[PDB]
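Alright, here's a single protein chain in two forms, structure 1 and structure 2, each given by itself as structure tokens.
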Structure 1
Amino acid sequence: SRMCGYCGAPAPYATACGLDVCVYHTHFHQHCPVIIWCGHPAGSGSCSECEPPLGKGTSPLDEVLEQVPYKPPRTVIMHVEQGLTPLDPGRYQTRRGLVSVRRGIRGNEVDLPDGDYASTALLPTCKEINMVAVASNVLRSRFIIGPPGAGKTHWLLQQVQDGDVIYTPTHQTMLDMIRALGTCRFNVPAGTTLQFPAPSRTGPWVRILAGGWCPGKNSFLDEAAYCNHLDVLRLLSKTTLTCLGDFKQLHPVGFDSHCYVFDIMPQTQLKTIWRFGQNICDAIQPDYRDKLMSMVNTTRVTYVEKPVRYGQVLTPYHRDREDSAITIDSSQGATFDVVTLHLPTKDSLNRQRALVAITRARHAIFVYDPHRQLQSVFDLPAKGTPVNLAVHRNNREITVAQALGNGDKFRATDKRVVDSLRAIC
């Protein structure tokens, strides 16, 4: 019950490179010989049965295999007695057809009678490959395209977990990943010219790509555009991947080689946000295609029990404006350090007004929401920050307490020009 490597179908034959093939696909693998029913390679013309010529490849696999050179294995005798041979487990082509030798209790078992058999082993090249699984698993994968000034390390540190595997193409990129992560598990590859640190006992695995499928929970692909195409197909035969790449640019001819699967794979462009924290980005994410990544610190969100006038007051309706308060609609285009979302009247928020209101604040947003109406339009949890805020000249502490001027403990945050000038005293 062996399935074809290209299509699903039953596979009584195999390539020299270890790919199982159905009878149809025996004639569309130009990479290496595939021995057929007549005992010669398909398309060889060795007898009249193998005269029918080879066709062009029917799979992207064939295209990647154009760079994977086939070196013939040595012809060695498989001595057999009572279904036992000293040769290593594997799959061998003999005069009696393709035979498997499997390790067992008594020994390495083989299903053919006693004698000595000239035999050539199948290579491991396409052992793991299954293109129907690739096609399947490519749809359930993400290709995360980075931004111009990449904080993809920052993105990746927030994403990984202890049981994850991060595949990475070269020794240097493995060393880069091990450095970016603090604690991680790995095996230092033999023959390296690099100073690897000692591997920790916990954290995400950091495997070299050529090593292949190490079972784990969520697998990642570091430097996806630089990776070995066949090794990517190896991975996609067993698991789905989160593939991490840099920002696209129209390169010249020859300057872009990358595995074809990424151009099929579901894509997600990252966008850098310098305006407000990740918590705000999370809340507004449903309004935008691109994944919003915050470089700057967390924006404070406080739900106040009574009305307040911290920073620029925003409110849906003109009826509720008091003092220097402004409507949400008229605040479009503007930007402040601190904002007070003032919601004294029921059913006064759609998303579009909330979206504007939430995206005006740089450092803090206080929300008087006695009707609990922001819930029905937005997911914006309470989020403290250990910082001394400054706004017109009062100053709110880390626990939102109107503190004294020069009551020192935490650091102070304030990007407004006139505010920063009056903080010098």
Structure 2
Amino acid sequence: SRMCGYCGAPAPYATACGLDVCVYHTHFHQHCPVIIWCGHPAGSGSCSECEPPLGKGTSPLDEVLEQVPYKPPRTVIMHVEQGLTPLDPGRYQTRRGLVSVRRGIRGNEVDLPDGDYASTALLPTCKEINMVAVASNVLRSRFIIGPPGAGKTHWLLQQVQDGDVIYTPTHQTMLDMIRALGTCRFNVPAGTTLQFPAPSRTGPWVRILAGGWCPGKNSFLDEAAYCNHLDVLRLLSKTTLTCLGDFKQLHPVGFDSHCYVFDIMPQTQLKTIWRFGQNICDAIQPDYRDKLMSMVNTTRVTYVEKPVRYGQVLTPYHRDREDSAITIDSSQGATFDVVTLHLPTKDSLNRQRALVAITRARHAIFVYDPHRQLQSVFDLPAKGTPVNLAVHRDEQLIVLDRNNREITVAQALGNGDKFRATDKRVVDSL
């Protein structure tokens, strides 16, 4: 009992290209013949039963199939003896209608009486297509649109895991992906004119798109805008996809072809951040539609048990300002290397203020939060960095190492010195 590839209804018939169809859809598949009850193709007018004409496609599948040539296969004899035949297992049209050659321990089983039958095999073209699954899986998929510049390649590397599968359209894109991953599984395709490395034993699979679905945990689609539309539908019939694409420019002058599914897929626009690290981007994400990707290093986050004066000090209320400290409201549109979020007063912090305070610093932020009130507004875990930090403190240069100790030496630890301020740079040398 087979179901229709279009609508999922019971399917007694099939297209020559391997699509199971219900009675209704026997007459809306212009791609190739559909042998119906009278033994002729629907709409052929070979007899009076097949005179009603074919209708226009009811599915995007039909539009996709306009670029997929039907090549009629050879008419081959199927020899039958006690329900056994030499022909390969599959599905065939015969004078007794559509029949299946099943694999078995005794042999290739076929439910037909002894004889010889002229047989045309169904092509594999739409053997794995299921448009009700495509619809469902499209909803549970995502299309990651990249930014104008770079970074889209590095998003994938942070997301990919050893159990995952990455589908890619060409030999070259497959090679590009394999080089970017470093360690991955694959089978070098026959006939290729590229120099493929050796495949690893572990890592994500890199599969050529034309090869079709193979099982995995998460499935990705590389170069989505370049991919074969029918192959994409084959995948979406079996799994959901994370589909990677580039920034949509205004080029359409017949210059844009991509699978229709991407225009109805849930979309995620990537945005490059140059001001602070990824850990900050993650904490602030709830306030933004775009997925924020840091194109710079991790911003340090340290939870001090006692007050401190590193970099610019920030605090909600004027009452708690000391020395050259400012309010969080006064810090809007200002940028620093180091910042100290000073929160002595209970219930003094909301989302808006906290968002401003967290997004001022470039390299480090120290948070004095004795009331533990930042937790109730933000998820911001403590993050260290193996770096030698440096900043002024009331007309006096000072430096702190990776373990947040006030060391005053000349490059003793042997770590990097991160700083972007005008005064900190020039004073650093001399």
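Shifts are known only where both forms have a C-alpha. Between two forms, the rigid core is the largest collection of C-alphas that superpose within 1.5 Å. Every residue number counts along structure 1's sequence, beginning with 1.
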{"property": "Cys50: Cα shift of 2 Å or greater between structures 1 and 2 (core-aligned)", "result": "no"}
{"property": "Displaced residue check between structures 1 and 2: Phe410, CA, 2 Å or over, core reference", "result": "yes"}
{"property": "Threshold 2 Å Cα movement between structures 1 and 2 for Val64, core superposed", "result": "no"}
{"property": "C-alpha positional change at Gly254 between structures 1 and 2 - rigid core reference, Å", "result": "1.2"}
{"property": "Shift in Å of the C-alpha at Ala150 between structures 1 and 2 after core superposition", "result": "2.2"}
{"property": "Residue ranges moving between structures 1 and 2 (criterion: at least three consecutive CA positions shifted 2 angstroms or more, core aligned)", "result": "393 to 421"}
